[PDB]
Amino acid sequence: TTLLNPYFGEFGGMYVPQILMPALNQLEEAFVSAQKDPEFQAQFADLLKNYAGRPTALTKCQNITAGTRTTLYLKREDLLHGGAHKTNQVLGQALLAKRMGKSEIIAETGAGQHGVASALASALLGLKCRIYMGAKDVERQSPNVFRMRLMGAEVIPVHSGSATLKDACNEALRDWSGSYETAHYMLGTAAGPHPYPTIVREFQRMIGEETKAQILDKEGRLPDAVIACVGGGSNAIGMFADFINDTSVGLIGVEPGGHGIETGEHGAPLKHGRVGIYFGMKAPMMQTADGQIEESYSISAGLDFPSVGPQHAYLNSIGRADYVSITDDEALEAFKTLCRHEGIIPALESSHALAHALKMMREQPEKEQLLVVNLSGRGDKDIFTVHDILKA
């Protein structure tokens, strides 16, 4: 039994070993309680404002759209403390862990942004943090690994399986199965077993709420579409949530097309995978014809989650949101364009969302449209990657 619906249509659920169910039920109950607690809401709002820097700006990009009938705004999650939207939800989950009397945090991370965010939230809130990271990811993210250690977190390399994000995801679950009494598993995206998709969306929903108030203030109307990259689905569902009931607002999720969908080397399970059951949920997955889970490929390390949040699969199924893909080269071109024309270095993740907005604009330049791209993070971290590619 649960207090909230674990499914979005056919997607979602709680596909975890029996031993983990009490942890999920405990978390769901604490969450429902926290959401009705004005004190919890005030403490969360306070950290978001005074520690993380909310609200984040909504920046109009006139130089990029000059000569077309597209008006483009960027929701500036790149200006959030930590440099990405991940910070919002780790602060809420950290407060939930404390609400449950937990003193420890367990987290998984691929590119390391979630590890960094979990570590910073744990440092601020006095939680003892341990992070699982696939050894291949550890190897290629030494900067993020060192930040986690400076912040007091223990980083544990995972060598099992492919030694990447999904393997770290399995190890986090394994750990929690036996330590949930004193540790909270701080899941990094709007995926996994209920109640995580729900919790993560609610702790990222201020992105869309602010965007709505900011766009109404600046344009006196809602956007024609809000566009966000989709790795696991948290920044996108955070931007989409408050607009779901505004039927006129398009919700466009952008998955990584990698070297191109036809190459098979991509990270677009929602539109090009097959529904499966893994990581505690039923959702579209990157998997072999046999049912073995595979990695997502993208020039962007952070769009590496091999599945997608169940609410996105659901919004897609009913036609409420549309999902598309953007290739590595398209994302790189958008990264370059934003740097040169607006002086903003976007994360390569976010660059996928920008790349799709640029296509909407460039393909029909005389189409009048008000677009908001969720700039989920800053791209300082991608400078070396982009440099080498350009050097190549």
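Note that residue numbering begins at 1 and tracks the sequence as displayed. Basically, rigid core = biggest C-alpha set you can superpose within 1.5 Å across the two forms.
**Q** Would you mind working out which of 124-132 and 308-316 sits farther from this form in 4 other deposited structures of this protein by RMS C-alpha distance, with the rigid core as the fit?
**A** Between the two stretches, 124-132 moves farther in 4 other deposited structures of this protein.
**Q** Could you tell me which of the two stretches, 97-105 or 175-183, has its Cα atoms lying farther from the shown structure in 4 other deposited structures of this protein after fitting on the rigid core?
**A** Comparing 175-183 with 97-105, the one that moves more in 4 other deposited structures of this protein is 175-183.
**Q** Comparing average C-alpha B factors as deposited, tell me which of 347-355 and 61-69 sits higher.
**A** Stretch with the higher mean C-alpha B-factor: 61-69.
**Q** So which stretch wins on mean C-alpha B-factor, 31-39 or 48-56?
**A** Per the deposited B-factors, the answer is 31-39.
**Q** Which listed residue, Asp78, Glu209, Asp290, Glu202, has the largest C-alpha temperature factor in the record?
**A** When the deposited C-alpha B-factors of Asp78, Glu209, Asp290, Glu202 are compared, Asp290 is largest.
**Q** Which is it among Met186, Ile156, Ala228, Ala241: the one with the largest CA B-factor in the entry?
**A** Checking the PDB record, the top C-alpha B-factor among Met186, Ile156, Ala228, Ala241 is at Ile156.
**Q** Can you tell me which third, lowest, middle or highest, the CA B-factor of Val373 falls into for its chain?
**A** Lowest third - that is where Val373 ends up once the chain's C-alpha B-factors are sorted.
**Q** Looking at the temperature factor on the CA atom of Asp224, which third of the chain's modelled residues does it land in?
**A** It belongs to the middle third of the chain when residues are ordered by C-alpha B-factor.
**Q** Is the Cα B-factor recorded for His312 in the lowest, middle or highest third of its chain?
**A** As the PDB entry reports it, the C-alpha B-factor of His312 lands in the lowest third of its chain.
**Q** Of the three thirds of its chain by CA temperature factor, lowest, middle or highest, which one includes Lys128?
**A** Highest third, going by the recorded CA B-factors of the chain.
**Q** So where's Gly253 on the chain's Cα temperature factor ranking, which third?
**A** For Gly253, whose C-alpha B-factor we compare with every modelled residue in the chain, the answer is the lowest third.
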